[PDB]
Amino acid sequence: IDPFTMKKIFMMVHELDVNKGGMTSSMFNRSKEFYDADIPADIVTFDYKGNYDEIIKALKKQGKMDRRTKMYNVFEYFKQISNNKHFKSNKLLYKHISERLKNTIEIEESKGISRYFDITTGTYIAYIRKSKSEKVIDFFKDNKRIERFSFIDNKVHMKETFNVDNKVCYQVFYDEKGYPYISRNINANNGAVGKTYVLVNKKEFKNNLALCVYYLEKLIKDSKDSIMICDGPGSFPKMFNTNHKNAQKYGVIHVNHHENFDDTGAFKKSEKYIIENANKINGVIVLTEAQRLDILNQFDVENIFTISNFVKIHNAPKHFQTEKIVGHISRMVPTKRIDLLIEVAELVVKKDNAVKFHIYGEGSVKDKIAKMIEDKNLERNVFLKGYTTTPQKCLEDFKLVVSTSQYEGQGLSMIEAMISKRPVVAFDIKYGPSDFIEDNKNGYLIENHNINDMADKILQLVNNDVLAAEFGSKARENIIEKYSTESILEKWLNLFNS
C-alpha cells in the first residue's frame, strides 16, 4: 500500500546456491512480488561460502533472482564489522604462510598441482592446487595433513584444520584484509557445528543456533514493521528463539506434515514442532485450505492460515510439438513414487513404440531407474538426460509432461508446465493437483494406483496432436485467471496488518 512503508520482510533459509528449485525459486519469486508492492523482501542465510558474492551475482545474471533482492549472511555481517576494525592488510598471515614454504623444492603433479619438500630434511611440507581465481594450500606434519588455507583472488578467506582421520575439526574465517573474525569447532563424526567464537567481538556461542539468533536480533529491528518469514524447516529454531517482542514471525510449511510411507498417523518430526508452537508465533502458513483443515483436525492450534504461491506467467512457445515426446523434468526422490510411473512407460510403448521419454534433473534414485529401463531395454525409448538449467526450453519441446507423488505441498512443477501449453498427467494426492488440473478438460488425473489408466490417458493425447493442443491452450488460460497475485498478495498484508 504505502510506497514509503518501513515494513520489511526477512525470508530465512539455511543456504542459497545455483542449480536448485522449488522452495527457493518460490522464495525468489515471492521477493519479486513484494518488491513490486513497495515492500522490501530480502533473504537471510546461515551457512558459509567464500564465493557467495559470485553465486548471488550468478543467480541474478542467470535470471533466477530479482536483482532488488539481497541475501543477508551471518558470516558476511561479522566479516564487514571486522573490515572496519582494521585499516592495514594482515601481512603477518601471508608471512606465516610464506615462512612455512621457504627452503622447499617444487615437484609437479599436473598443470596447477605441485608438492613442496624441505631441501634440508626432505620433509613433506605442502600441497598446492590452484585454479586461476582460487587456490588451496595443504600443510603437512609428520606426513599427515593438518591445515588447509583456501584462497580466492590471491586472498585467504578460510583456514581448515584436520584430525587424525584427515577430517575437518576446526574452521577459521578471514575478512577481506586477512584478519580472522570467526572460528568454530566441527564434529568430524557428523560435521555438526559446535562452539563458535566471534573473534572480532570477543564473544563465544554454544553453537550455530545461538549465533544466528544473536545475529537476527542485530539484523532485524524489533519493530512491528519487521516481518520474519521462515520457509526452510531447518531454520525455524533460529527465528523462534529470538527475543523479539514486536517483530512478526511467520513459519511457512511447504510440504505434507505426514510421515512418508507411514500409515500410523504420525507426522514429520520437524514439521510438527512448528505446528505445536503456532500459538506462540504470528501463525504458521500452509498452501492448501485442505491442509489447514487437517492440521485443525489433529492439533489444538487456533492459528493456522492458508496462502498459495505467486505464479510467474512467462511466455509460451511460438508452436507446440508433434513428435511423441513425453518428459519428466524433476529431482529423483522416492517420495514421488517414480517406481509407480516408469511402469506406465512400459505399459504405453508396447501399444505405441514411437512414444519417447526425456528424463531431466538428478537425484538419488536416478541410478536405479537407470539400471531398470535397460533390464527392460527401454533405453530404446526412455532417456535420463540430466540436470537442465533451462527448464522451460526443455519444457517447450514436450507434447506433455508427467509426474506423480504420494506427498506434496501443491503443484509448482506441474503448474509452470501448464503455462507452456503442456497438458500434464498426474495422480490425485494429499495436497496438490486436485485444483489446478481439470481432468478431461486441459489435463488428466488418475487415482494414485491405477497405473495403466494413466497409461491409457497418454495414448489418448500423444496420438492426437490436435487434441494435445486445445488441452494446452486451456491449460495456460486456466492458470492465469484462477489464483492471480492480488488475491494472494492481500492474504499476506492482512496477516501483516493486525
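Numbering starts at 1 and runs along the sequence shown.
Check the entry's C-alpha temperature factors for 356 to 364 and 141 to 149, then say which stretch has the higher mean.
Between 141 to 149 and 356 to 364, it is 356 to 364 that shows the higher mean C-alpha B-factor.
Should the higher mean CA B-factor in the entry be assigned to 15 to 23 or to 472 to 480?
The recorded data point to 472 to 480.
Kindly indicate the residue among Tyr250, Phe267, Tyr124, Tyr77 with the greatest C-alpha B-factor in the PDB record.
Going by the entry's C-alpha B-factors, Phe267 comes out highest.
At the C-alpha atoms, which of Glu289, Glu106, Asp175, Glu99 reaches the highest B-factor in this entry?
Largest recorded C-alpha B-factor: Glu289.
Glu160: which third of its chain by C-alpha temperature factor?
Bottom third by C-alpha B-factor.
Classify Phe383 as lowest, middle or highest third according to the C-alpha B-factor given in the PDB entry, relative to its own chain.
Highest third, going by the recorded CA B-factors of the chain.
Would you check the entry's CA temperature factor for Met332 and let me know if it's in the chain's lowest, middle or highest third?
It belongs to the highest third of the chain when residues are ordered by C-alpha B-factor.
Could you place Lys430 in the lowest, middle or highest third of its chain by Cα temperature factor, using the values in the record?
Top third by C-alpha B-factor.
Consider only the C-alpha atoms of the modelled residues in this chain, order them by B-factor as the entry records it, and name the third containing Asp47: lowest, middle or highest.
For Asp47, the deposited C-alpha B-factor lands in the lowest third.
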